[PDB]
Amino acid sequence: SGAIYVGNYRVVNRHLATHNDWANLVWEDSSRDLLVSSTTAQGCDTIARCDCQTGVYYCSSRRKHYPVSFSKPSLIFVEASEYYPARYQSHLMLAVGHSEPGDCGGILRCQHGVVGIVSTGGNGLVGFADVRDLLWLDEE
Ligand SMILES: NC(=O)c1ccccc1CC(=O)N1CCC[C@H](C(N)=O)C1
Ligand SMILES: [Zn+2]
């Protein structure tokens, strides 16, 4: 589990959104595994606006932050899970690193701010849902 709190927005994995998230919905995209809801209190995270391919991510199954090199946001094939059938996920970035069912939501960050959140994994890989193209998260 895990979320990004920027301004009056909460960014979570679509597959982990609560009833309260859906009842206060701003935007969602199944093909990116993203959902954004509105909040009463202001958040303290800042979103990166860059093309960094290195950063650090939080892994809850190891209680540790790991440095990683990661691919550019792309259309990648993802195996079936209890949450989605086997399909292509868009705006996804891969890196070599530990991931487990329960690690989705962990933040990926570079020198400029929050890059994205854990969304896929397995086989010694970890996948991140990119949020750097979502410019509207910086206002309203
Ligand atoms: N990091 C993990 O969640 C993980 C790690 C090892 C093995 C498997 C996973 C889980 C995973 O890949 N999922 C299940 C949740 C929905 C995901 C999606 N965005 O389509 C696919
Ligand atoms: Zn950066």
Side-chain angles (χ1 to χ4, degrees):
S1 66
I4 305 166
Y5 294 102
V6 50
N8 287 271
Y9 302 119
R10 165 172 145 104
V11 185
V12 304
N13 294 89
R14 196 189 181 270
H15 76 269
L16 300 176
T18 70
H19 170 76
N20 192 75
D21 289 323
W22 281 105
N24 294 282
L25 185 60
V26 172
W27 172 84
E28 57 84 27
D29 191 329
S30 170
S31 74
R32 304 183 53 159
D33 185 36
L34 293 184
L35 186 143
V36 174
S37 59
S38 61
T39 69
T40 47
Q42 274 219 302
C44 293
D45 297 325
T46 289
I47 310 300
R49 302 299 173 196
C50 68
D51 63 355
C52 283
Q53 283 193 242
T54 67
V56 178
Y57 83 98
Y58 182 60
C59 172
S60 62
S61 56
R62 300 275 179 275
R63 281 193 187 116
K64 279 197 192 74
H65 295 260
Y66 294 102
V68 292
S69 292
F70 55 92
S71 67
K72 294 207 163 190
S74 312
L75 195 67
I76 297 161
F77 188 75
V78 185
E79 291 306 305
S81 51
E82 337 94 83
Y83 299 102
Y84 297 101
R87 81 206 202 291
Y88 281 93
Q89 189 164 304
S90 57
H91 304 264
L92 190 59
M93 301 176 294
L94 289 189
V96 174
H98 182 75
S99 209
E100 240 173 89
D103 289 324
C104 295
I107 279 161
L108 170 66
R109 72 179 84 238
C110 66
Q111 66 180 107
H112 307 105
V114 177
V115 172
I117 54 163
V118 174
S119 179
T120 77
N123 296 316
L125 309 157
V126 56
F128 308 99
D130 184 55
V131 299
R132 299 178 284 180
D133 64 313
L134 300 178
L135 311 183
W136 53 266
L137 289 172
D138 295 337
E139 72 253 349
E140 168 90 314

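Counting from 1, the numbers follow the sequence of the chain as shown. Heavy atoms only: backbone and side chains are in, while hydrogens, waters and symmetry mates are out.
Counting all heavy atoms, side chain and backbone alike, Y66 lies closest to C59 at CE1-CB, 3.8 Å. The heavy-atom pair separating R10 from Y5 by the smallest distance is NH1-OH, 3.0 Å. Residues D130 and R32 come closest through the heavy atom pair O-NH2, 2.9 Å. Here the shortest heavy-atom pairing between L92 and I76 reads O-CD1, 3.5 Å. Closest approach of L137 and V6 over heavy atoms only: O-CG2, 3.6 Å. In plain terms, the two heavy atoms of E140 and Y9 that are nearest each other are O-OH, 3.0 Å.
Listed for the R62 side chain is no donor-acceptor partner under 3.5 Å among the backbone atoms of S99. Distance alone, capped at 3.5 Å, is enough to place a donor-acceptor pair between the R49 side chain and the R132 backbone. Here the side chain of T39 pairs a donor or acceptor atom with the backbone of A41 at under 3.5 angstrom. In this structure, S69 contributes its side chain and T54 its backbone to no donor-acceptor pair below 3.5 Å.
Note that CZ of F70 is 6.5 Å distant from SG of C52, once rounded to the nearest 0.5 Å. The OG atom of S31 lies 7.0 Å from the NE2 atom of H91; values are rounded to the nearest 0.5 Å. Summarising the geometry, atom NE2 belonging to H65 is positioned 9.0 Å from atom CD1 belonging to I107; distances are rounded to the nearest 0.5 Å.
A heavy-atom distance below 4.5 Å is found between the side chains of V118 and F128. Put simply, the side chain of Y83 reaches to within 4.5 Å of the side chain of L16, judged on heavy atoms. Residues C110 and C50 have side chains in contact (heavy-atom distance under 4.5 Å, counting atoms from C-beta outward). Residues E28 and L34 fail the side-chain proximity criterion, which asks for heavy atoms closer than 4.5 Å. By the 4.5 Å heavy-atom criterion applied to side chains, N24 and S38 are counted as neighbours. The closest side-chain heavy-atom distance from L25 to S37 is not below 4.5 Å. For the pair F77 and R87, the minimum side-chain heavy-atom distance is 4.5 Å or more.
When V131, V68, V56, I117 are each tested for a side chain to side chain contact (heavy atoms under 4.5 Å, CB included) with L108, only one passes: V68.
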Exercise. Going through the distances and angles, do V126 and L94 end up as a side-chain contact (heavy atoms from CB on, under 4.5 Å)?
Worked result: CA-CA 6 Å; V126 56; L94 289 189; over 6 Å; no
Exercise. Under the side-chain contact (heavy atoms from CB on, under 4.5 Å) criterion, do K72 and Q53 qualify, and how do the steps go?
Worked result: CA-CA 7 Å; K72 294 207 163 190; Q53 283 193 242; 3.4 Å; yes
Problem set entry | Trace of the side-chain contact (heavy atoms from CB on, under 4.5 Å) decision for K64 with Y58 | CA-CA 6 Å; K64 279 197 192 74; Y58 182 60; 5.8 Å; no
For this session: Verify side-chain contact (heavy atoms from CB on, under 4.5 Å) between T46 and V114, making sure each step is shown before the conclusion.
Result: CA-CA 6 Å; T46 289; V114 177; over 6 Å; no
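Under a cut-off of 6.0 angstrom, the local environment of CG in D51 is sparse, with at most 12 non-hydrogen atoms contributed by other residues, nucleotides or ligands. Shown here is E79, whose CD atom has no more than 12 heavy atoms of other residues, nucleotides or ligands within 6.0 Å.
Side-chain contact check for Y84 and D33: at least one donor-acceptor pair (N or O, by modelled atom type) lies under 3.5 Å. A donor-acceptor pair shorter than 3.5 Å can be found between the side chains of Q89 and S119. For the residue pair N20 / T18, no side-chain donor-acceptor distance below 3.5 Å is found, with atom types taken as modelled. Donor-acceptor pairing under 3.5 Å is recorded for the side chains of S61 and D103.
Electrostatic pairing of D29 and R14 does not count as a salt bridge here, judged by no charged N lying under 4.0 Å from a carboxylate O.
Hydrophobic clustering of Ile, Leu, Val, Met, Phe, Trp and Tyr side chains at less than 4.5 Å, counting indirect connections, keeps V11 apart from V115. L135 and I4 are assigned to two separate hydrophobic clusters, defined by single-linkage of ILVMFWY side chains at heavy-atom distances under 4.5 Å.
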